[PDB]
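S.K.: The structure follows.
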Amino acid sequence: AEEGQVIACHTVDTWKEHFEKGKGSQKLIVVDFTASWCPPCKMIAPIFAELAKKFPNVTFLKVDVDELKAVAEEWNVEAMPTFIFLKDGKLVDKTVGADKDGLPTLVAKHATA
């Protein structure tokens, strides 16, 4: 039994998790940038978990934007809500839209490569 793990995130403690997994460890790492006000990302949080059980190569994490906008904005987040792609060779990709089939397609391309 081998799977990705969606972990919720709040402070400078995600700076430890995001960065040190990505640039440190041989893996893809994937992170949603969402306000806690967002019913479209409320459906997506289960979507991101079912996809996680599908995809072992790839850590999963999710930031409250109201908490950590300085950094969200740096990665590239002018808009709700933005999935980032950070691998063992810096920022690979960026895509912003809650969509059920979208995310599984996106990771499939990325995690194959």
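Residues are referred to by chain and number: the chain letter is A, B, ... according to the order shown in the structure tokens, the number counts from 1 in that chain, and ligands are numbered separately from 1 in the order shown.
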Identify, on the basis of only C-alpha atoms, every residue whose closest approach to region 51-64 of chain A does not exceed 9 Å; exclude the query and any residue fewer than 2 positions from it along the same chain; express the result as a PyMOL selection string.
M.R.: chain A and resi 2-11+14+17-18+21+26-36+45-49+66-69+72+87+103-104+107-108+111
S.K.: Those residues you just picked out, can you put them in a file as a tab-separated table (two decimals), in the first residue's frame with C-alpha atoms?
M.R.:
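Output contents, as saved in selection-v1.tsv:
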```tsv
chain	number	residue	atom	x	y	z
A	2	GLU	CA	1.80	3.06	-1.44
A	3	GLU	CA	0.20	6.51	-2.03
A	4	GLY	CA	0.61	10.33	-2.01
A	5	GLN	CA	-0.45	12.23	1.19
A	6	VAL	CA	-2.47	15.56	1.15
A	7	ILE	CA	-1.26	17.61	4.23
A	8	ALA	CA	-2.90	20.99	5.25
A	9	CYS	CA	-0.66	24.06	5.80
A	10	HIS	CA	-0.57	27.37	7.76
A	11	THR	CA	2.86	29.09	8.57
A	14	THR	CA	5.14	24.68	5.12
A	17	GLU	CA	7.75	20.90	3.87
A	18	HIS	CA	7.30	22.46	0.27
A	21	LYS	CA	10.83	17.91	-0.30
A	26	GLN	CA	13.78	13.02	-5.85
A	27	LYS	CA	9.94	13.53	-6.23
A	28	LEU	CA	7.21	15.72	-7.77
A	29	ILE	CA	5.31	17.86	-5.14
A	30	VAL	CA	1.94	19.49	-5.88
A	31	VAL	CA	0.23	22.33	-3.97
A	32	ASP	CA	-3.12	24.08	-4.22
A	33	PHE	CA	-3.30	27.87	-3.29
A	34	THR	CA	-6.98	28.36	-2.01
A	35	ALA	CA	-8.92	30.51	0.39
A	36	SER	CA	-10.96	28.59	2.99
A	45	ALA	CA	-9.87	18.54	-1.84
A	46	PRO	CA	-11.53	14.94	-2.22
A	47	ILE	CA	-10.50	14.94	-6.00
A	48	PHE	CA	-6.85	15.68	-4.95
A	49	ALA	CA	-7.09	12.69	-2.34
A	66	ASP	CA	-5.22	34.37	3.74
A	67	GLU	CA	-2.30	32.96	5.99
A	68	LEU	CA	0.60	32.93	3.39
A	69	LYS	CA	0.03	35.32	0.45
A	72	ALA	CA	1.65	32.21	-2.81
A	87	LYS	CA	10.06	18.73	-8.68
A	103	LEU	CA	-5.98	17.81	-12.05
A	104	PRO	CA	-5.69	13.88	-12.93
A	107	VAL	CA	-0.39	15.15	-12.85
A	108	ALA	CA	-0.46	12.30	-15.41
A	111	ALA	CA	4.46	12.43	-13.10
```
S.K.: Select from region 9-105 of chain A everything DSSP, run on the backbone, classes as helix (DSSP H, G or I), then give the selection as a VMD selection string.
M.R.: chain A and resid 12 to 22 39 to 54 69 to 76 102 to 105
S.K.: Please extract the residues of chain A with a backbone DSSP assignment of strand (DSSP E) and present them as a ChimeraX atom specification.
M.R.: /A:6-9,28-34,58-64,82-87,90-96
S.K.: Restricting it to N, CA, C and O atoms, dump the selection as a compact mmCIF listing (two decimals), in the first residue's frame.
M.R.:
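Contents of the output file selection.txt:
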```txt
# COMPACT_ATOMS: atom_id res chain seq x y z
N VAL A 6 -1.94 14.13 0.98
CA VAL A 6 -2.47 15.56 1.15
C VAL A 6 -2.42 15.96 2.68
O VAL A 6 -3.23 15.49 3.48
N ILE A 7 -1.58 16.98 2.91
CA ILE A 7 -1.26 17.61 4.23
C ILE A 7 -1.68 19.11 4.05
O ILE A 7 -1.03 19.87 3.30
N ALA A 8 -2.52 19.60 5.00
CA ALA A 8 -2.90 20.99 5.25
C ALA A 8 -1.81 21.86 5.94
O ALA A 8 -1.01 21.34 6.71
N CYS A 9 -1.84 23.18 5.59
CA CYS A 9 -0.66 24.06 5.80
C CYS A 9 -0.97 25.61 6.05
O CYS A 9 -1.93 26.21 5.48
N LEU A 28 8.16 14.65 -7.56
CA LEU A 28 7.21 15.72 -7.77
C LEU A 28 6.47 16.02 -6.40
O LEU A 28 6.30 15.17 -5.53
N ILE A 29 6.02 17.27 -6.30
CA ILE A 29 5.31 17.86 -5.14
C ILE A 29 4.30 18.90 -5.77
O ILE A 29 4.64 19.62 -6.72
N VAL A 30 3.08 18.86 -5.29
CA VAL A 30 1.94 19.49 -5.88
C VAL A 30 1.15 20.14 -4.68
O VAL A 30 0.90 19.50 -3.62
N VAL A 31 0.75 21.42 -4.94
CA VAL A 31 0.23 22.33 -3.97
C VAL A 31 -0.78 23.23 -4.64
O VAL A 31 -0.51 23.98 -5.57
N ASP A 32 -2.00 23.15 -4.03
CA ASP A 32 -3.12 24.08 -4.22
C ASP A 32 -2.88 25.33 -3.30
O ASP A 32 -2.44 25.23 -2.15
N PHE A 33 -3.34 26.53 -3.83
CA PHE A 33 -3.30 27.87 -3.29
C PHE A 33 -4.78 28.31 -3.36
O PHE A 33 -5.39 28.65 -4.43
N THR A 34 -5.50 28.23 -2.21
CA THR A 34 -6.98 28.36 -2.01
C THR A 34 -7.21 29.03 -0.66
O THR A 34 -6.44 28.85 0.26
N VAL A 58 4.51 11.26 -5.89
CA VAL A 58 4.09 12.68 -5.93
C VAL A 58 3.38 13.02 -4.55
O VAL A 58 2.24 12.63 -4.25
N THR A 59 4.11 13.85 -3.71
CA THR A 59 3.54 14.54 -2.50
C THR A 59 2.49 15.68 -2.88
O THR A 59 2.44 16.28 -3.96
N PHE A 60 1.59 15.88 -1.94
CA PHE A 60 0.38 16.70 -2.07
C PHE A 60 0.21 17.52 -0.76
O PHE A 60 0.36 17.01 0.36
N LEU A 61 -0.03 18.82 -0.89
CA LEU A 61 -0.05 19.77 0.18
C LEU A 61 -0.98 20.94 -0.25
O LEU A 61 -1.36 21.09 -1.43
N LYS A 62 -1.49 21.75 0.75
CA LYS A 62 -2.60 22.76 0.47
C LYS A 62 -2.47 23.79 1.56
O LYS A 62 -2.63 23.52 2.73
N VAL A 63 -2.29 25.01 1.04
CA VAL A 63 -2.07 26.34 1.73
C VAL A 63 -3.35 27.18 1.73
O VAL A 63 -3.87 27.43 0.64
N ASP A 64 -3.70 27.58 2.98
CA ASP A 64 -4.62 28.77 3.22
C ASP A 64 -3.93 30.12 2.76
O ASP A 64 -2.98 30.61 3.40
N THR A 82 -5.00 28.07 -7.71
CA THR A 82 -3.66 27.83 -8.47
C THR A 82 -2.90 26.56 -7.74
O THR A 82 -2.35 26.58 -6.60
N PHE A 83 -2.83 25.50 -8.56
CA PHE A 83 -1.98 24.29 -8.46
C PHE A 83 -0.58 24.48 -9.14
O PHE A 83 -0.38 24.64 -10.35
N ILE A 84 0.50 24.33 -8.32
CA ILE A 84 1.93 24.37 -8.58
C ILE A 84 2.56 22.98 -8.50
O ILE A 84 2.07 21.93 -7.93
N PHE A 85 3.65 22.99 -9.26
CA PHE A 85 4.46 21.83 -9.71
C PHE A 85 5.95 22.08 -9.56
O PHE A 85 6.56 22.89 -10.30
N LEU A 86 6.54 21.44 -8.60
CA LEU A 86 7.83 21.68 -8.11
C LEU A 86 8.32 20.25 -7.86
O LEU A 86 7.81 19.41 -7.10
N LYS A 87 9.44 20.03 -8.50
CA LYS A 87 10.06 18.73 -8.68
C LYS A 87 11.54 18.84 -8.15
O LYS A 87 12.00 19.92 -7.75
N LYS A 90 13.75 22.63 -9.73
CA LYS A 90 12.89 23.86 -9.53
C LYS A 90 11.35 23.82 -9.95
O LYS A 90 10.78 22.77 -10.24
N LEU A 91 10.67 25.02 -10.01
CA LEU A 91 9.31 25.24 -10.63
C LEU A 91 9.26 24.78 -12.14
O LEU A 91 9.60 25.50 -13.09
N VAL A 92 8.65 23.53 -12.29
CA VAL A 92 8.20 22.94 -13.54
C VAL A 92 6.97 23.59 -14.25
O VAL A 92 7.03 23.78 -15.44
N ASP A 93 5.88 23.77 -13.51
CA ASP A 93 4.56 24.15 -14.04
C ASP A 93 3.69 24.95 -12.99
O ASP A 93 3.95 24.98 -11.81
N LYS A 94 2.71 25.58 -13.61
CA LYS A 94 1.63 26.44 -13.01
C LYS A 94 0.28 26.33 -13.85
O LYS A 94 0.34 26.37 -15.07
N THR A 95 -0.89 26.18 -13.20
CA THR A 95 -2.28 26.01 -13.74
C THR A 95 -3.28 26.29 -12.54
O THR A 95 -2.95 25.87 -11.46
N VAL A 96 -4.35 27.01 -12.85
CA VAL A 96 -5.22 27.69 -11.88
C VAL A 96 -6.61 27.37 -12.53
O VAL A 96 -7.00 27.94 -13.60
```
S.K.: I'd like the interatomic distance between CA of residue 77 (chain A) and CA of residue 13 (chain A), to a tenth of an Å.
M.R.: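 Going from CA of residue 77 (chain A) over to CA of residue 13 (chain A), I get 19.7 Å.
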S.K.: Name the closest residue to residue 89 (chain A) among the candidates A:71, A:24, A:112, A:43; distances are taken between atoms, counting only C-alpha atoms.
M.R.: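 Distance minimum relative to residue 89 (chain A) lands on A:24.
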S.K.: I want to know what sits within 8 Å of residue 98 (chain A), based on only C-alpha atoms, with residues of the same chain fewer than 6 positions away left out; could you give that as a ChimeraX atom specification?
M.R.: /A:40-41,44,81
S.K.: Please dump the current selection as a PDB file, in the first residue's frame; keep N, CA, C and O atoms.
M.R.:
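File written: selection-v8.pdb
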```pdb
ATOM      1  N   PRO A  40     -16.039  25.435  -4.819  1.00  0.00           N
ATOM      2  CA  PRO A  40     -15.223  24.718  -5.853  1.00  0.00           C
ATOM      3  C   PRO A  40     -13.913  23.944  -5.451  1.00  0.00           C
ATOM      4  O   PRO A  40     -13.825  22.720  -5.720  1.00  0.00           O
ATOM      5  N   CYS A  41     -12.980  24.543  -4.711  1.00  0.00           N
ATOM      6  CA  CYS A  41     -11.934  23.825  -3.905  1.00  0.00           C
ATOM      7  C   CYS A  41     -12.335  22.837  -2.745  1.00  0.00           C
ATOM      8  O   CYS A  41     -11.541  21.909  -2.499  1.00  0.00           O
ATOM      9  N   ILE A  44     -12.839  19.772  -4.822  1.00  0.00           N
ATOM     10  CA  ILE A  44     -11.422  19.509  -5.220  1.00  0.00           C
ATOM     11  C   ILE A  44     -10.512  18.858  -4.202  1.00  0.00           C
ATOM     12  O   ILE A  44      -9.725  18.012  -4.664  1.00  0.00           O
ATOM     13  N   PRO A  81      -8.138  29.348  -8.214  1.00  0.00           N
ATOM     14  CA  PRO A  81      -7.009  28.833  -7.289  1.00  0.00           C
ATOM     15  C   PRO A  81      -6.268  27.855  -8.092  1.00  0.00           C
ATOM     16  O   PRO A  81      -6.556  26.986  -8.939  1.00  0.00           O
TER      17      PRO A  81
END
```
S.K.: One decimal, Å: what's the distance from CA of residue 19 (chain A) over to CA of residue 70 (chain A), could you say?
M.R.: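 We find that CA of residue 19 (chain A) and CA of residue 70 (chain A) lie 15.0 Å from each other.
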